[PDB]
Amino acid sequence: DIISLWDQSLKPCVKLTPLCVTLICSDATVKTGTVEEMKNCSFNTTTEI
Amino acid sequence: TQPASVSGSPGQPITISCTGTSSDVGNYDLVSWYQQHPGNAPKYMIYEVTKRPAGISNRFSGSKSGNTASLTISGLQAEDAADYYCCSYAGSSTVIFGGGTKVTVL
Amino acid sequence: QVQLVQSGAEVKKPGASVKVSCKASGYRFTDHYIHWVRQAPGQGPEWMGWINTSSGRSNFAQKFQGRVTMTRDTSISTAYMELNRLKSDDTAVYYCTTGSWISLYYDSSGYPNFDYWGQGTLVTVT
Amino acid sequence: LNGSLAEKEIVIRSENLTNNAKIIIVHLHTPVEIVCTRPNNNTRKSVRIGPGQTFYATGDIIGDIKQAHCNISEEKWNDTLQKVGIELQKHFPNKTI
Ligand SMILES: *[C@@H]1O[C@H](CO)[C@@H](O[C@@H]2O[C@H](CO)[C@@H](O[C@@H]3O[C@H](CO[C@H]4O[C@H](CO)[C@@H](O)[C@H](O)[C@@H]4O)[C@@H](O)[C@H](O[C@H]4O[C@H](CO)[C@@H](O)[C@H](O)[C@@H]4O[C@H]4O[C@H](CO)[C@@H](O)[C@H](O)[C@@H]4O[C@H]4O[C@H](CO)[C@@H](O)[C@H](O)[C@@H]4O)[C@@H]3O)[C@H](O)[C@H]2NC(C)=O)[C@H](O)[C@H]1NC(C)=O
Ligand SMILES: *[C@@H]1O[C@H](CO)[C@@H](O[C@@H]2O[C@H](CO)[C@@H](O[C@@H]3O[C@H](CO[C@H]4O[C@H](CO)[C@@H](O)[C@H](O)[C@@H]4O)[C@@H](O)[C@H](O[C@H]4O[C@H](CO)[C@@H](O)[C@H](O)[C@@H]4O)[C@@H]3O)[C@H](O)[C@H]2NC(C)=O)[C@H](O)[C@H]1NC(C)=O
Ligand SMILES: *[C@@H]1O[C@H](CO)[C@@H](O[C@@H]2O[C@H](CO)[C@@H](O[C@@H]3O[C@H](CO)[C@@H](O)[C@H](O)[C@@H]3O)[C@H](O)[C@H]2NC(C)=O)[C@H](O)[C@H]1NC(C)=O
Ligand SMILES: *[C@@H]1O[C@H](CO)[C@@H](O[C@@H]2O[C@H](CO)[C@@H](O[C@@H]3O[C@H](CO)[C@@H](O)[C@H](O)[C@@H]3O)[C@H](O)[C@H]2NC(C)=O)[C@H](O)[C@H]1NC(C)=O
Ligand SMILES: *[C@@H]1O[C@H](CO)[C@@H](O[C@@H]2O[C@H](CO)[C@@H](O[C@@H]3O[C@H](CO)[C@@H](O)[C@H](O)[C@@H]3O)[C@H](O)[C@H]2NC(C)=O)[C@H](O)[C@H]1NC(C)=O
Ligand SMILES: *[C@@H]1O[C@H](CO)[C@@H](O)[C@H](O)[C@H]1NC(C)=O
Ligand SMILES: *[C@@H]1O[C@H](CO)[C@@H](O)[C@H](O)[C@H]1NC(C)=O
Numbered sequence: 642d643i644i645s646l647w648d649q650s651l652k653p654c655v656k657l658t659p660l661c662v663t664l665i666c667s668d669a670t671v672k673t674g675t676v677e678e679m680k681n682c683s684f685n686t687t688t689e690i
Numbered sequence: 771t772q773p774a775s776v777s778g779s780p781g782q783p784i785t786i787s788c789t790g791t792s793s794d795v796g797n798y799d800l801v802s803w804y805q806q807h808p809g810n811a812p813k814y815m816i817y818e819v820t821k822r823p824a825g826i827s828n829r830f831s832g833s834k835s836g837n838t839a840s841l842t843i844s845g846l847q848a849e850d851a852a853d854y855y856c857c858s859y860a861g862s863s864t865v866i867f868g869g870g871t872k873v874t875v876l
Numbered sequence: 640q641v642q643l644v645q646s647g648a649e650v651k652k653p654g655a656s657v658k659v660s661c662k663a664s665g666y667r668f669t670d671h672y673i674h675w676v677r678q679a680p681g682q683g684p685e686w687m688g689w690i691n692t693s694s695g696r697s698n699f700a701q702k703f704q705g706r707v708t709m710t711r712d713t714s715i716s717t718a719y720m721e722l723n724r725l726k727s728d729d730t731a732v733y734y735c736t737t738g739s740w741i742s743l744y745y746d747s748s749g750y751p752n753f754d755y756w757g758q759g760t761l762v763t764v765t
Numbered sequence: 070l071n072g073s074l075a076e077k078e079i080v081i082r083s084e085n086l087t088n089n090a091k092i093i094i095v096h097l098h099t100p101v102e103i104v105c106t107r108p109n110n111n112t113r114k115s116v117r118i119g120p121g122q123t124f125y126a127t128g129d130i131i132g133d134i135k136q137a138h139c140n141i142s143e144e145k146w147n148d149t150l151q152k153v154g155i156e157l158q159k160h161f162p163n164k165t166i
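Chains as they are written, first to last, in our numbering: chain X, 642 to 690; chain G, 771 to 876; chain C, 640 to 765; chain A, 70 to 166.
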């Protein structure tokens, strides 16, 4: 029941297929900080056109 | 916002107010008061909404009501004629000030 | 007793840059935030920015962006204020102040607990 | 987390307690409070992908950057581990766990 509820809730939402592209990720956090787990990734997304 | 100046005789309490918005004083109780003699660096005797650091007596007392914060000076002395500024946290990790109140001890 | 030493006067034409140094003594430079306070003469003070002295992360006011950079060196325990493209309204007293306690678990950067104030510097733009 | 508590005693449940590949469900009697937080002020921006679909991601972090963590009381957790050891030493007698 938990598996099927999860799937039928997750069914009509947005699918992230056009986002699987090449990402250019330089850096986001200024220094190491606490944990520098952020990463500033840029890509070429697709518009409505 | 801050009144421009206040005046008072020695031996009586006075009040200096600072009315801010909901984001400045209403959301966060981070308010502070600093006096400054002319030709000198500002002092520091109020840090929290009511607290006082060591080396400061009970002459000054902070309070907060709604969207304003008031400092009450219980009695007035000749050295208590400095310029007083209130200060607060405000929004996206920024800090704002009041502007200035000049105390005229008679 | 802790103490902060600030630089001397800076007299220059508009359009140049000013570096103001602030050297701490008597306590650990890594333990506390450093805030900057600018006060024009005949005018109340104004907060201008803070720096995390442990990781160099800094933030400025809403209208000092694009003109202000803040650096520090933990080896000699000092901080530098670089202001670019000064104007005639930049003639003011600059103060290096010691803020709250730097903690690894909660954000105490914006706390206006300005404990110790430096002697300040005067910047006159003619 | 957030489960039902036992009535009076810590209850140790397992399929065999001699097969080492069987998960032991230990059921406490007194709950232990945990406080979990992510303290850095995070934002959100919406990236339009295709007709009518957006994609929400982290746009910026406002303020300082701190560490996401959780806090438990040390004395209460030590007492809870000690009582679980009390209830567990009677199933493995004359041994230290
Ligand atoms: C999860 O768990 C973790 C770990 O337990 C939590 O992390 C801890 O959270 C604590 C929250 O309070 C935080 O506590 C702070 O500690 C500061 C460090 O001081 C202590 O450590 C040093 C280490 O050497 C000791 O020397 C020192 O004696 C302390 O033991 C304190 O300084 C903080 O107190 C100050 O801030 C509060 C904020 O409002 C003030 O109300 C309070 O009054 C203190 O203010 C003084 O200090 C500030 C700045 O220094 C001054 O501006 C102010 O005027 C006060 O000045 C004092 O000293 C002057 C000196 O002249 C004197 O005149 C005046 O009268 C005052 O006495 C605060 O207590 C822990 O650091 C933090 N980390 C650790 C590792 O424990 C985490 O929060 C938990 N998270 C959740 C979600 O639960
Ligand atoms: C994570 O990575 C992203 C992208 O990799 C970064 O986002 C860019 O950051 C830069 C730097 O701040 C931004 O550039 C600035 O944009 C401001 C407004 O943007 C408009 O104007 C620029 C033209 O300047 C256009 O290209 C843009 O499309 C917008 O129309 C400008 O006001 C800034 O100009 C000022 O600085 C330049 C020098 O850089 C001077 O020449 C100008 O005269 C002026 O003084 C500046 O250009 C950029 O807009 C951001 N977005 C993108 C899509 O590139 C993030 O900053 C980075 N980090 C984090 C934490 O997210
Ligand atoms: C997203 O789309 C942009 C286009 O707006 C891509 O930028 C372009 O990338 C190519 C490489 O894939 C660049 O070509 C390069 O030209 C230089 C000479 O300028 C040459 O030395 C290289 O060997 C290479 O041929 C191109 O200049 C660049 N810009 C434009 C306007 O076409 C970008 O690569 C795409 N992807 C990402 C992740 O941004
Ligand atoms: C965490 O980050 C968020 C995102 O910036 C902060 O929310 C921002 O808070 C400020 C004030 O607290 C808001 O400014 C106010 O905006 C209203 C409406 O525009 C205006 O009438 C006021 O005069 C004031 O300028 C700002 O809009 C708001 N931003 C968002 C996106 O909600 C929040 O304060 C941060 N939290 C902490 C603890 O710093
Ligand atoms: C729960 O655990 C017990 C453990 O005793 C299982 O009973 C069977 O016990 C015998 C010994 O009493 C095990 O035999 C042993 O085999 C090894 C390897 O062949 C040998 O080196 C030993 O000297 C000893 O003879 C036997 O393996 C074990 N059976 C299983 C399936 O583990 C009992 O089956 C377990 N399950 C239940 C539901 O009780
Ligand atoms: C009690 O539980 C243990 C572990 O689940 C089991 O090995 C044992 O046989 C049980 N005893 C009874 C009487 O059910
Ligand atoms: C195991 O411990 C109990 C209580 O500590 C003791 O009575 C018993 O003799 C011990 N077993 C052996 C074999 O010594």
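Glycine included, every Cβ here is placed at the ideal spot set by N, Cα and C.
For residue i, the three-state DSSP class (helix, strand or coil)
i              : result
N147(A)        : helix
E818(G)        : coil
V795(G)        : helix
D129(A)        : coil
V104(A)        : strand
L761(C)        : strand
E156(A)        : helix
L664(X)        : coil
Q805(G)        : strand
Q645(C)        : strand
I690(C)        : strand
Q649(X)        : helix
residue 905(G) : Any property of residue 905(G) remains undetermined from this structure, which presents chain G solely from 771 to 876.
Rounded C-alpha distance that separates residue i from residue j
i       : j       : result
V865(G) : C857(G) : 7 Å
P108(A) : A90(A)  : 38 Å
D794(G) : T785(G) : 20 Å
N837(G) : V116(A) : 38 Å
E818(G) : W686(C) : 17 Å
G796(G) : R667(C) : 34 Å
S779(G) : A669(X) : 58 Å
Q645(C) : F124(A) : 49 Å
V104(A) : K672(X) : 28 Å
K159(A) : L74(A)  : 21 Å
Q642(C) : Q758(C) : 9 Å
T760(C) : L722(C) : 14 Å
Amino acids of chain C, ordered along the chain, whose beta-carbon sits closer than 9 Å to that of residue i
i       : result
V676(X) : Here the premise fails: no neighbours, minimum Cβ distance about 10 Å.
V662(X) : Within chain C, no residue comes near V662(X); the closest Cβ sits about 30 Å away, beyond 9 Å.
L800(G) : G749, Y750, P751, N752
Distance cut-off 7 Å: residue i Cβ against heavy atoms of ligand 1
i       : result
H138(A) : yes
Chain-ordered neighbours of residue i on chain A, where CB pairs are closer than 8 Å
i       : result
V655(X) : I118, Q122, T123, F124
Contacts of residue i in chain E (Cβ-Cβ under 8 Å)
i       : result
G132(A) : Of the chains in the structure shown, none is chain E; the protein chains are X, G, C and A.
Beta-carbon separation (whole angstroms), residue i vs residue j, contact threshold 8 Å
i       : j       : result
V101(A) : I141(A) : 6 Å
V676(C) : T736(C) : 6 Å
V764(C) : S727(C) : 5 Å
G119(A) : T687(X) : 6 Å
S863(G) : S664(C) : In fact, because the Cβ distance is near 27 Å, the residues do not count as touching under 8 Å.
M720(C) : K662(C) : Their Cβ separation, rounded to whole angstroms, is 12 Å, which puts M720(C) and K662(C) out of contact at 8 Å.
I690(C) : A718(C) : 6 Å
Where residue i meets chain G, residues with beta-carbon distance less than 8 Å
i       : result
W686(C) : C857, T864, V865, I866, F867
Per-residue contacts from residue i into chain X (C-beta, under 8 Å)
i       : result
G695(C) : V671, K672
Neighbouring residues, chain G, relative to residue i (Cβ below 7 Å)
i       : result
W675(C) : Within 7 Å Cβ-Cβ: nothing; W675(C) doesn't reach chain G, min ~10 Å.
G759(C) : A811
Contact set between residue i and chain C, taken where Cβ atoms lie within less than 7 Å
i       : result
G870(G) : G683
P812(G) : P684, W756
Ligand 6 heavy atom lying under 7 Å from the CB of residue i
i       : result
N698(C) : no
beta-carbon residue i near ligand 7 non-hydrogen atom, thresh 7 Å
i       : result
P108(A) : no
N163(A) : yes
Proximity test, residue i beta-carbon vs ligand 2 heavy atom, cut-off 7 Å
i       : result
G778(G) : no
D129(A) : yes
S683(X) : yes
Within chain C, partners of residue i - CB distance below 8 Å
i       : result
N109(A) : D746
Check: residue i C-beta below 7 Å from any heavy atom of ligand 4
i      : result
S73(A) : no
Chain-ordered chain X contacts of residue i [CB-CB under 9 Å]
i       : result
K135(A) : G674, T675
beta-carbon residue i near ligand 3 non-hydrogen atom, thresh 7 Å
i       : result
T688(X) : no
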